[PDB]
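Here we start with a single chain on its own, the form solved without the partner chain, put down as structure tokens.
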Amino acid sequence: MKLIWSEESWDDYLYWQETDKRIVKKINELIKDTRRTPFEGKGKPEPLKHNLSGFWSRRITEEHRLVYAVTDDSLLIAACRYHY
């Protein structure tokens, strides 16, 4: 499964690398778990609605969530800072 970062989500991730290493580790942990079970597991995975229909969200922290989408061959990260 290829990992795809939107330009904004990669910037989010870089922000964390230069702000909080434990948040980076949690993001990594969530991505690895998602590779295992796409729609369940760590971070209490929940499907998003309305304008974000088609995406999922896992908890990094209360304020920050990993927003993503899973296709037959890829994990797309839409954002990893704030709720979206």
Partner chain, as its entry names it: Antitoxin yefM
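Positions refer to the first chain, counted from 1.
A second form of this protein, the form deposited with the partner chain bound, is not displayed here; the remarks below concern that form.
Contact between residue 18 and the partner chain in the bound PDB entry is not found at the 4.5 Å heavy atom cutoff. The shortest heavy atom separation between residue 49 and the partner chain in the bound PDB entry is within 4.5 Å. Using a 4.5 angstroms limit between non-hydrogen atoms, residue 37 is distant from the partner chain in the bound PDB entry.
Although the partner is absent here, residue 24 lies within 4.5 Å of the partner chain in the bound PDB entry, judged by heavy atoms.
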